Amino acid sequence: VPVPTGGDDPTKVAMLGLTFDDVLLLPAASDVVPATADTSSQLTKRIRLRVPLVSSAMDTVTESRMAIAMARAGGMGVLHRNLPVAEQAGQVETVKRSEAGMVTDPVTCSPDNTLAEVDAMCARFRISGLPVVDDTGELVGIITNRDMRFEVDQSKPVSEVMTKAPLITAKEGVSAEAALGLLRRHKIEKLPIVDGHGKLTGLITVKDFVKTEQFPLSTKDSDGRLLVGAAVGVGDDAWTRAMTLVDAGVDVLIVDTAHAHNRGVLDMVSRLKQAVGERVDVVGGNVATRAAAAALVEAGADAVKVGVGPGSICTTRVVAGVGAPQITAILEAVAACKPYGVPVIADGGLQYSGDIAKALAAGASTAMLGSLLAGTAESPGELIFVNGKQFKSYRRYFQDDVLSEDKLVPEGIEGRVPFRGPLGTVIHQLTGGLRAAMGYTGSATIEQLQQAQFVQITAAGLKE
Amino acid sequence: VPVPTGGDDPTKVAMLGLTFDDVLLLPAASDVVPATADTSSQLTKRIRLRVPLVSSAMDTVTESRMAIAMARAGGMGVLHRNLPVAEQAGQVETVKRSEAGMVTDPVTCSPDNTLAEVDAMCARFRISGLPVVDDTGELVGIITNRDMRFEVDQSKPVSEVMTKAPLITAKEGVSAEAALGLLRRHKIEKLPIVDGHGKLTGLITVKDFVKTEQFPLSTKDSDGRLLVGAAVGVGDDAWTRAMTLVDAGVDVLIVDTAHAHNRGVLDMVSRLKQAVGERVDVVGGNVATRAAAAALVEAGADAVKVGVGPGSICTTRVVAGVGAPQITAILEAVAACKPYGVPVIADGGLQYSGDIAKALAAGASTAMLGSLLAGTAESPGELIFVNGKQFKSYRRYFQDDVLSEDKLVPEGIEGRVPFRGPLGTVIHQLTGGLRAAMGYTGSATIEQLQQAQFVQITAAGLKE
Amino acid sequence: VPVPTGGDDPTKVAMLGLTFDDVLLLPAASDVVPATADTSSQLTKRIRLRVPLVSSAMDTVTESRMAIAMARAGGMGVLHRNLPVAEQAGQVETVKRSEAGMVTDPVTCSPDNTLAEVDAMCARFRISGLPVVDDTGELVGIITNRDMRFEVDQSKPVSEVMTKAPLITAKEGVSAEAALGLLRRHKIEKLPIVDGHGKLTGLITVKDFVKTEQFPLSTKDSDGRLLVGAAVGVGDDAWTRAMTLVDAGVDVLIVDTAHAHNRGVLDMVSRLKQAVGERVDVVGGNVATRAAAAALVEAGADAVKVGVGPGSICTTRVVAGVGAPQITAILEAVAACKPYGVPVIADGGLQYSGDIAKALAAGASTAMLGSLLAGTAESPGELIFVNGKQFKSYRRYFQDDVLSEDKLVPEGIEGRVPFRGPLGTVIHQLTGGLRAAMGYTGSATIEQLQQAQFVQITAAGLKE
Amino acid sequence: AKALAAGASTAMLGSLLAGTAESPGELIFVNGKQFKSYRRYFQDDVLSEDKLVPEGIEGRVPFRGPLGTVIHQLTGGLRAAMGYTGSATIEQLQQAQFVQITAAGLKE
Ligand SMILES: Nc1nc2c(ncn2[C@@H]2O[C@H](COP(=O)(O)OP(=O)(O)O)[C@@H](OP(=O)(O)OP(=O)(O)O)[C@H]2O)c(=O)[nH]1
Ligand SMILES: Nc1nc2c(ncn2[C@@H]2O[C@H](COP(=O)(O)OP(=O)(O)O)[C@@H](OP(=O)(O)OP(=O)(O)O)[C@H]2O)c(=O)[nH]1
Ligand SMILES: Nc1nc2c(ncn2[C@@H]2O[C@H](COP(=O)(O)OP(=O)(O)O)[C@@H](OP(=O)(O)OP(=O)(O)O)[C@H]2O)c(=O)[nH]1
Ligand SMILES: Nc1ncnc2c1ncn2[C@@H]1O[C@H](COP(=O)(O)OP(=O)(O)OP(=O)(O)O)[C@@H](O)[C@H]1O
Ligand SMILES: Nc1ncnc2c1ncn2[C@@H]1O[C@H](COP(=O)(O)OP(=O)(O)OP(=O)(O)O)[C@@H](O)[C@H]1O
Ligand SMILES: Nc1ncnc2c1ncn2[C@@H]1O[C@H](COP(=O)(O)OP(=O)(O)OP(=O)(O)O)[C@@H](O)[C@H]1O
Ligand SMILES: [Mg+2]
Ligand SMILES: [Mg+2]
Ligand SMILES: [Mg+2]
Ligand SMILES: [Mg+2]
Ligand SMILES: [Mg+2]
Ligand SMILES: [Mg+2]
């Protein structure tokens, strides 16, 4: 009658929690070559990624640059919400218009604009020119950075530097082959698109073709623009932020909380699903049990994020005593979400590509990457050089001494993190590990990897 | 109903994997003295070793020298395939002609051969002379290294240095006693063997008797030549390699793959078994489960090799998340192989002789030794002297500065491995540990050791 | 002819530099008890301290609180200049009015002042009440914190809470004994001082007597107010800052530069000496040679500060390769300053009280303490509790999640420094060490300690 | 700065520039860090462990980044030395004086 671990209640200790280090993938019959394995997976019930990886929406991980890089790599990025609503909406706009985003609503300047303003717009959107539209609304010309390369006077108006009409243009609904043919024939890099009245409706640049060739796995929406997600909280400021982000063109809204088994979080999810659910996917916060995942599914979430204190040495585990091992948590969440076809996102605890393979085999559909991507080039922060090494830092007015020691050392030296380089190499290494796991387990797709079996190892299997 | 580790499927976590550190051998009733225990075991269904150890077929472990040493020690060597087909066939031929291999097809030279060519052949085959056969095909004499010891001019032909006929010869089918008596009577070290018509058919040297007395446990084929195995891959190049190796006289072909539960590997095994299966034994690649071992047995493999990611901190376990603890894998593989009499080779994860005893007690017939033999003298590599120690390395044209620092330090200092000495001492230590285990468990033979019992130990049993 | 260290110029290597670890103080004939040694010394040619220690004028060391504590301990503090001119002048005013500073120019309030503003003034000046003066200029009452202890409504005007006139007052020029007698007789803690016409001229509080009894070594000016110094740079902003500080009531101005052997620094020192030299003492920046000290003396400096890269592992020594060992630098600076009676301040390189004794025996008159005082309670920074220990830190809007991990850890954990406790204990330990040194060397005064002899030790004397 | 003050006119830089982007060698990514390496035919197995690790992981050196940043840091240190010694030109820095320190001056 007594429980072997103490007491009389057999459900006081609910279960035995397994972490990533407790299990290994068992080899199975395999006709799968790692180079031909298909790693595409569902992020939500309507969005499918070519690479099942998402950035972690932390202030040190994901901004517009990281979102663009992740969308190009085949995954997606989620913008963090530790900033004003206007800044987050502007970052969403930057991601949406980065690549093949000027086809329908192009950015234009006026003939009275100075060269500095045009250069600022070009630097923000990473484009090399803009069409010029006057007060009447007529396409009067185009101004590119070949026109303003050597202009010393940056206060000069656009009208003195632009290339006047007529321009080489295309009709609405012009195919990519015809546009490329025009660009090759006239040896230009830009092609405005006008309607029957000769009024500007879009712009095609050589950047579109270059990026399509260079990044064949890019994640795009129906209009051909890069996908991006954004995080929101709970409350009224959260509602205003979510509405502003939806207006800016976000594709995924993540109700990001540490403990989503709360009435407020579920109410926010239901409200968002009812208000903008026809346009935007809604992802629920972090839930580590089956009941919480079922509650989020009932509230109408399109995807469920799992991790609640998954790290072994974690602040939640030490200060609060609350936690859940990640493998068991994913298993329970999948046991609640799978009958309704709701994807599961693993979040936290991942240190290697083997952990990603284990998380996907436990039943999750995507994995969210945090500290793995913190030091990359596309992550926020400034690159500094200290003691013969590169670091990334997150860094005078009254110190006018030219020979002071603070002048001899770089700024931001305190609080720096190692520099990891480009994001593409990290993503490629992770994808190679995942493909090796798929080849070992005989999984042609991720949906077949989700049916792979585990072997539990003892402590002796973790010894150096 | 719910699984205690998570989810609803009770087969998601298939089993608990035990490694070598998790178990110990239980003493049983024993009348066995370690000095008299019989350690002979089956390598395949037709080949029996006196010492149940095999080399690992890695480019840093097994070449012709290691194969010869392992065969003399009582085990066998498997040649690595990271080299051209002609080179691997040449190494097979070198092993096959090292000891008592000239009795039926001796190596011969011609009077037109220079002394340099004869010296090269003698250095390759480790013989001290050759019979001489002219264009017409008569045995005209013998050339040994006592004849060419002081010849300063190495371009001198054989005819100017050889000892002319008549020679002391013996008839075909001469017993060892008669040949030794002739050698003792005439006080020579070589004895050609001729047919009734006086044509050369073989050669006996004192090396045969010396090696027979020195190495009583040598592994030999039907003709008394040393046993050797070779590794092949999968594909058309692999088929050509296998055919060339069989022509060279290989005894065992090992289809060495990382994951043998693949249709291509099984097809290769079946093709080899149908083509050269009447002459050569075929060993399947590495398999960690019962189903894979059963598939290899059905395909026609003569032996099954097991280890798939057996190391605790392993590249397969960290990058792909795939692995299987070795004790459980051996148990499952034996559960599939034993009813058909197919031997099991335990490959990987062995660090001590206790691990070898545990692997043999788990049901395996032989153990394959890897990094334990990487630094021995017979392993490939160059011996260097660095900082008062001996190391083995795996290592000018435009650096003509005679006082440069690169002249002051040995080449290959970077990337060296410790030197281990002769292989025989290592094999003797491992065999002594195995004999002690056999004495403790009361096992007169390896087949009785395979019925020994284990005790599972906790984490506290591994603490220093 | 050649120099043994290289070259032909015997002055290329000018001298051998001795640091603190290279020398020890030799015991001499002593009739001195450590408890009776006199540690008073000259800071400048007109200012004498009771304890020859000065705070280091760094933004982590000296602000108004540290300056007050240092003045009470018997030394002095120099306010850092890494802040706006108005803030530094406010800190000067706070220090000057802390203790016995209302005797001639008291802080007053008007009857229309709210209780919040009076409370803010009392908190700034560390007083427990203010006299009230109307628009006409008459002393109408006094408001103390016993009157407003339980006034929950902090917007209440002073007129509703003050103790109305007539008050217990004393005539101008009242002796301290008479004021204390009045305070004892009427059992109050405050005594306004009025002239013959009944107009408010000053204020005496029990704080004056309490602090005089508690801190008998306090450094005071002619008016009986605590001494304070401030740092200024070079330039026009520096001139405005210096004029504002002199108007605020500063006593010492320190021209704080890393390399004071510059024409700009000397010109600034000369200008300050010409303009405000009758009221304020001017101390020159850091100089490490005899010629630089002579230049500062000629420019008209009242004291000369020495240290230029005195630390063994220092940023100046590593990045620039420039430095000077502190003992030799002090010897040279004293050799240039002593004939004119200009005191020397040893700045940098001090780690123990033995180093302070060595610096004073080398000829310096005062020592400037930096990192020794960084972690004390009176130094700038905020006290935090982390992992069972007290630390000092030098430190939300959008993180509204109540269960996030940033809510679980204290703010300022990054970049924290250890807590050292009260300043008085550190000063007392250093003074005890200095007194022990004086007793060993037989020096009744610091001027006698400046004539002590050294013994030079070898490397073997520094071995553990 | 010390070498130029002793009388040398130029300095030659070796290991300080070994791992920069412009130095010879290939950039590799190992264990979350960038390295520079100075690096199959018969290993056609697709699931082998040598396929799971990059080639050249052994014998690698840390990556330093662009050369311009290193040169700028060195020149800044030299300019600080010139400002301390009062040398407007390198020829005046060659007339600077030294002070000899003892062993105690090298202890942390
Ligand atoms: N004015 C301006 N232009 C910038 C700036 N940064 C990037 N660009 C331009 O943006 C276009 C694409 O930027 P990329 O660097 O290729 O791509 P990215 O979106 O990953 O940053 C290029 O012109 P392109 O003509 O599309 O390509 P190409 O002619 O260089 O091949 C490039 O010159 C900037 O700060 N100011
Ligand atoms: N020409 C030539 N001969 C070589 C060379 N290396 C070894 N030999 C000869 O090969 C024979 C056997 O070689 P061992 O060293 O005993 O054996 P191994 O096969 O283990 O290497 C010896 O002659 P033996 O007459 O059989 O033995 P013994 O008279 O030395 O006892 C030895 O002299 C070489 O580079 N060149
Ligand atoms: N209103 C107000 N008063 C403050 C504040 N902080 C300190 N005081 C008062 O200042 C006087 C002296 O402050 P202390 O703390 O003794 O000295 P300090 O200058 O070293 O800080 C005290 O009143 P006392 O009457 O001089 O001394 P006692 O009656 O407490 O002995 C104390 O109550 C504050 O934030 N607000
Ligand atoms: N559609 C167009 N019709 C006519 N002229 C055009 C058109 N697009 C660009 N031009 C003009 O052609 C010139 C170069 O065009 P393009 O856009 O290829 O240059 P760019 O991107 O600035 O070049 P670079 O990348 O070398 O700096 C500029 O003077 C530009 O104004
Ligand atoms: N069967 C034989 N009949 C006749 N002469 C022989 C025969 N075998 C060897 N000889 C000759 O006898 C001499 C020595 O023979 P043996 O083979 O014993 O020498 P070896 O092996 O060269 O000696 P070592 O190992 O001491 O250098 C040589 O001149 C050799 O040619
Ligand atoms: N000179 C004075 N003449 C008349 N009344 C006075 C005088 N000084 C103070 N008082 C009044 O006497 C009361 C107490 O005075 P006192 O200054 O001793 O108190 P306090 O410093 O506020 O006390 P505590 O330190 O206990 O809070 C207050 O109501 C105050 O207004
Ligand atoms: Mg361009
Ligand atoms: Mg271009
Ligand atoms: Mg011989
Ligand atoms: Mg011999
Ligand atoms: Mg009081
Ligand atoms: Mg009181």
Side-chain angles (χ1 to χ4, degrees), chain A residues 18-41 49-53 74-75 326-327 330-331 334 344 346 349-369 372 426-457 461, chain B residues 12-14 17 257-262 285-289 291-292 307-325 329, chain D residues 45-54:
Chain A
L18 294 179
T19 189
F20 287 121
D21 276 338
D22 284 316
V23 290
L24 283 165
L25 281 166
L26 278 170
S30 185
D31 281 351
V32 173
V33 187
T36 78
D38 180 50
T39 60
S40 60
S41 195
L49 308 178
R50 296 296 289 281
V51 169
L53 302 175
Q326 186 77 310
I327 287 285
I330 291 163
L331 290 164
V334 168
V344 160
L350 304 162
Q351 299 177 354
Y352 305 106
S353 49
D355 302 335
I356 292 166
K358 290 162 184 179
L360 300 182
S365 293
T366 55
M368 184 166 269
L369 308 172
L372 287 174
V426 188
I427 300 299
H428 278 137
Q429 194 271 313
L430 297 174
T431 306
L434 174 65
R435 284 172 175 284
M438 289 171 81
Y440 261 113
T441 54
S443 310
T445 64
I446 297 302
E447 286 80 16
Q448 286 179 23
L449 178 68
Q450 288 169 345
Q451 320 295 327
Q453 283 184 299
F454 283 120
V455 50
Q456 189 178 347
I457 76 167
Chain B
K12 184 61 168 189
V13 182
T257 55
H259 178 48
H261 207 178
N262 185 280
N286 283 26
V287 298
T289 70
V308 173
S312 61
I313 59 171
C314 163
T315 297
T316 306
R317 289 190 184 196
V318 175
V319 168
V322 174
Chain D
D45 189 6
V46 300
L47 283 177
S48 186
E49 288 189 359
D50 53 275
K51 305 302 188 302
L52 310 186
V53 293

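Naming convention: chains lettered A, B, ... in sequence-line order (proteins, then strands); numbering from 1 in each chain.
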Item to check | Which atom of B:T316 lies closest to which atom of B:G309, heavy atoms considered | outcome: CB-CA, 4.5 Å
Checklist entry - If only atom types and distance count, is the side chain of B:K12 paired as donor or acceptor with the main-chain N or O of A:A452 below 3.5 Å? => result yes
Item to check | Validation row: B:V318, B:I313 side chains within 4.5 angstrom (heavy atoms) | outcome: no
Checklist entry - How far does OG1 of A:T441 sit from CG of A:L26, to the nearest 0.5 angstrom? => result 10.0 Å
Checklist entry - Any idea which heavy atoms bring A:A361 and A:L25 closest together, and the distance? => result CB-CD2, 3.6 Å
Item to check | Any D:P54 side-chain heavy atom under 4.5 Å of A:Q429 side chain | outcome: no
Item to check | Residue pair A:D22, A:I327: steps toward the side chain to side chain contact (heavy atoms under 4.5 Å, CB included) verdict | outcome: CA-CA 9 Å; A:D22 284 316; A:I327 287 285; over 6 Å; no
Next on the checklist: Looking at every non-hydrogen atom in both residues, tell me the closest pair between B:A320 and A:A436 and how far apart they are.
Outcome noted: CB-CB, 4.2 Å
Next on the checklist: Using side-chain heavy atoms (C-beta onward) and a distance below 4.5 Å, is A:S353 in contact with A:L430?
Outcome noted: yes
Next on the checklist: Under a 3.5 Å distance rule, please check whether D:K51 uses its side chain to pair with a backbone N or O of D:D45 as donor and acceptor.
Outcome noted: yes
Next on the checklist: Quick check for you: to the nearest 0.5 Å, what is the distance between A:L372 atom CG and A:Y352 atom OH?
Outcome noted: 9.5 Å
Checklist entry - Taking C-beta and beyond as the side chain, do A:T39 and A:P52 meet within less than 4.5 Å on heavy atoms? => result yes
Next on the checklist: If you compare all heavy atoms of A:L449 against all heavy atoms of A:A357, which two are closest, and at what distance to 0.1 Å?
Outcome noted: CD2-O, 4.3 Å
Checklist entry - Do A:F454 and A:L24 have side chains that get closer than 4.5 Å, going by heavy atoms? => result no
Checklist outcome for this item: Quick note, ring-ring contact (aromatic ring centres under 6.0 Å, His included) partners involving residues 19-40 of chain A, not counting sequence neighbours, are none
Next on the checklist: Using modelled atom types and a 3.5 Å cut-off, is there a donor and acceptor pairing between side-chain atoms of B:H259 and backbone atoms of A:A28?
Outcome noted: yes
Checklist outcome for this item: Separation between CZ (A:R435) and OG1 (A:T36), nearest 0.5 Å, reads 7.5 Å
Checklist entry - Given A:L434, which of A:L53, A:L360, A:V51 fulfils the side-chain contact (heavy atoms from CB on, under 4.5 Å) condition? => result A:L360
Checklist entry - Would you call A:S365 and A:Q450 a side-chain contact if the rule is heavy atoms closer than 4.5 Å? => result yes
Item to check | Trace of the side-chain hydrogen bond (donor to acceptor under 3.5 Å, both in side chains) decision for A:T19 with A:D21 | outcome: CA-CA 5 Å; A:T19 189; A:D21 276 338; over 6 Å; no
Next on the checklist: Quick check: closest heavy atoms across A:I330 and A:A362, and the distance to 0.1 Å?
Outcome noted: CG2-CB, 3.8 Å
Next on the checklist: Which heavy atom of B:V308 sits nearest to which heavy atom of A:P27, and what is that distance?
Outcome noted: CG1-CG, 3.9 Å
Next on the checklist: When you measure from the side chain of B:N262 to the backbone of A:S30, do you find a donor-acceptor pair of N or O atoms at a distance under 3.5 Å?
Outcome noted: yes
Checklist entry - Which is it for B:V13 and A:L18 under the side chain to side chain contact (heavy atoms under 4.5 Å, CB included) test, yes or no, and what are the steps along the way? => result CA-CA 10 Å; B:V13 182; A:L18 294 179; 4.3 Å; yes
Checklist entry - Is it true that a side-chain atom of A:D355 and a backbone atom of A:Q351 form a donor plus acceptor pair closer than 3.5 Å? => result yes
Item to check | Rounded distance [0.5 Å steps], CG in A:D38 versus CE in A:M438 | outcome: 6.5 Å
